[PDB]
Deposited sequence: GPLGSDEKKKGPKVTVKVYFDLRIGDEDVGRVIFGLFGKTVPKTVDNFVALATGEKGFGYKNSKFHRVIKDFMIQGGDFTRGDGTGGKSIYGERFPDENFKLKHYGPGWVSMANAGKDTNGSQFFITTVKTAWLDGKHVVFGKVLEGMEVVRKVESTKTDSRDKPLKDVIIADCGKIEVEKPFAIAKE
């Protein structure tokens, strides 16, 4: 753990987003993401805009429509709630910005897609390292607080198509300004 070595350290968090989550009729807590707005600005701007609802649409009231234990939880389909919908603030879909960042471990936030250059509003939150998705899905954030809430969602009962048996809803969401951007660990 020598500090010189240590300092030579991942991307800087430039803005935060919160989700307040519900499972069935139960409040389960807040998750806070730190987003890498200097590394993937276009991707971060899309996520943050959808969290604030500033374009007249976005994540509020949408579901986590797929949960796979020891893999990830997925949501952001605010138009159909099943993985076939959603749209970006740039149009239906938008290209892969870069693959600078990897799925380093649990709690990393990455764009769902249906092939090259098909990013919309759908995202997933890893609950393990998912290195097989590196270079194919655009990573743009990390859970900073509330990983325990993520784990509650991850463990919720699902049907045979990995759909939660109780709806897991984003009850509220929004952005939190970060005055002094700060680097986090690549893990």
Provide the list of deposited-sequence positions lacking C-alpha coordinates, grouped into contiguous ranges. 9
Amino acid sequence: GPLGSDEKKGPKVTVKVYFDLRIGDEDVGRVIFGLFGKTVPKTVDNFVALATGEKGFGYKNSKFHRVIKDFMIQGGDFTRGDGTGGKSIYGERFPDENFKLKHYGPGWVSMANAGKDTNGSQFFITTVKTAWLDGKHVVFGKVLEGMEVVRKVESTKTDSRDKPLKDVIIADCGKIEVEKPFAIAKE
From here on, numbers count along this sequence of modelled residues.
Which wins on mean Cα temperature factor, 59-67 or 33-41? 59-67
Would you mind comparing 157-165 and 45-53 for me and telling me which has the higher average C-alpha temperature factor in the entry? 157-165
Determine, from the deposited record, the chain-internal third of the Cα B-factor for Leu133: lowest, middle or highest. lowest
Relative to the other modelled residues in the chain, which third contains the C-alpha temperature factor of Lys102: lowest, middle or highest? lowest
Just say lowest, middle or highest third for the CA B-factor of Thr79 relative to the other modelled residues in its chain. highest
Split the chain's modelled residues into thirds by Cα B-factor; is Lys9 in the lowest, middle or highest one? highest
Third assignment of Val15 from its chain's C-alpha B-factors: lowest
